[PDB]
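Presented below is the structure to which this report refers.
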Amino acid sequence: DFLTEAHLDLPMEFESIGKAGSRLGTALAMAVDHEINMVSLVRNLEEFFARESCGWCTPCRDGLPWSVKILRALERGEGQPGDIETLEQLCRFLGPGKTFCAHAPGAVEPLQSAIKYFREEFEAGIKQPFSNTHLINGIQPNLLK
Amino acid sequence: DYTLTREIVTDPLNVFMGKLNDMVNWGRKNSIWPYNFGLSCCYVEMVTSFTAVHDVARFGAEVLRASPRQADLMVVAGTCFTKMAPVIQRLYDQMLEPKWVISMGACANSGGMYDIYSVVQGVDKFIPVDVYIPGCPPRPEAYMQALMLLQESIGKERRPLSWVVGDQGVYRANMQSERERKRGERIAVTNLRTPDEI
Ligand code: SF4
Ligand code: SF4
């Protein structure tokens, strides 16, 4: 998980980083400067994680590419309402115990942390209204409220 | 091509006897008195055709006799229930010659949606039918169209002018099917109005 400048004064231990909402991991930290867009960074991370899926189990294999496509749409301002809620649901449903191995919980850790800490950058990519359908001539659509 | 009721035969038709047969057929087809017999919802559409917005009287077929003896046409407008089938057969037998039958609606045609223990599957299982009308119910103008089809069928049939002289057999024309007649215009249809409008 991503951490902010306020978490820099934390000892690099498993217990201390664990209660900050992240993991100690390999303890080889990566710094992100202000010139890096968080949506593009998480898109790069999720592209890596989705293409490195072993393909055994459904949530990682078929839900990481969905997050990749959502982040790609958010990158060029083609996001639609419900995309961030979809990303949050993907983070919740790809956590530990839901997938076969721990590849996908690690995949969704930076996505959920970046949404938690930098939600204004993910909201900035939502420009178009939601459209999943096209009109079919002769059939009046069911306009849900 | 004709069918004989006393077989598939040819046209039996002097030139004065042909004119008399045409006059009798014209008078019969322009004066068709239906029997007031109501089985089910199809009869509601039939009597709707009798009202002001359709005016089946214009064809001279509004008299609507309560006695089978005064009626020329039995419209089986409704389901042939098993309890009602002897009643229908008795009322048809009480009608006098010439008599014609229009089966109206899917129930009278075949039993319709009621393939069920208490329903005879079509009135043609026990009485002969001159004109069939699909629909559930057929709209009143469909009943009028079947009336006109019956008029065309009557206008070219051959019946004895008298019961004391001549051939007594009833010859009915083997008319071309309406499906085959209308197939040319029906298949050529390309576009219809979309169902999103009035
Ligand atoms: S979570 Fe692990 S087991 Fe499941 S498809 Fe991804 S890499 Fe394979
Ligand atoms: S064909 Fe349909 S409308 Fe006519 S009697 Fe049967 S159920 Fe009623």
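In each ligand, atom 1 is the first atom listed, and ligand 1 is the first ligand listed. By convention in this document, chain letters (A, B, ...) are assigned in the order of the sequence lines, proteins followed by strands, and residues within each chain are numbered from 1.
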Could you list which atoms of ligand 2 come closer than 4.0 Å to a heavy atom of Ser40(B)?
5 (S)
Near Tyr114(B), which atoms of ligand 2 are under 4.0 Å from a heavy atom of that residue?
7 (S)
For atom 2 (Fe) of ligand 2, does an N/O/S atom of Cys41(B) lie at less than 2.8 Å?
no
Between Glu47(A) and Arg72(A), does any NZ, NE, NH1 or NH2 come within less than 4.0 Å of an OD or OE carboxylate oxygen?
yes
Atom 6 (Fe) of ligand 2 sits nearest the protein heavy atom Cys107(B) SG, 2.3 Å
Just to verify, what does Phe100(A) make a side chain to side chain contact (heavy atoms under 4.5 Å, CB included) with, not counting sequence neighbours?
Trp56(A), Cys57(A)
Quick test: of every protein heavy atom, which one is nearest to atom 4 (Fe) of ligand 2, and how far off is it to 0.1 Å?
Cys42(B) SG, 2.3 Å
Please could you name the atoms of ligand 2 that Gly78(B) approaches to less than 4.0 Å, counting only its heavy atoms?
5 (S)
At what distance is the nearest protein heavy atom to atom 2 (Fe) of ligand 2, and which residue and atom is it?
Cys136(B) SG, 2.3 Å
Measuring from atom 6 (Fe) of ligand 1, count protein N/O/S atoms under 2.8 Å, please.
1
Candidate pair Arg181(B) and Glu152(B), rule salt bridge (charged side-chain N to carboxylate O under 4.0 Å, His left out), full reasoning
CA-CA 14 Å; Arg181(B) 185 181 71 81; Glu152(B) 304 284 341; over 6 Å; no
Any non-hydrogen side-chain atom of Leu87(A) less than 4.5 Å from a side-chain atom of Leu111(A)?
yes
So is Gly112(B) close enough to ligand 2, meaning a heavy atom under 4.0 angstrom away?
no
Ionic contact status for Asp167(B) with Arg158(B), cut-off 4.0 Å:
no
What residue and atom, counting heavy atoms only, is the protein's closest point to atom 3 (S) of ligand 2, and at what distance?
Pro137(B) N, 3.3 Å
Rounded to the nearest 0.5 Å, how far apart are CD1 of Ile139(A) and CG of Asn142(A)?
12.0 Å
Less than 4.5 Å apart, side chain to side chain, heavy atoms only: is that true for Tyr43(B) and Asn36(B)?
yes
Should the ring pair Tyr143(B) and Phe50(B) be called parallel, tilted or perpendicular, given that the plane angle runs from 0 to 90° and is split at 30 and 60?
parallel
Quick check on side chain to side chain contact (heavy atoms under 4.5 Å, CB included): which of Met74(B), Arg172(B), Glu157(B), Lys99(B) does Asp130(B) satisfy it with?
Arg172(B)
Hey, are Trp66(A) and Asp62(A) close enough side-chain-wise for a donor-acceptor pair under 3.5 Å?
no
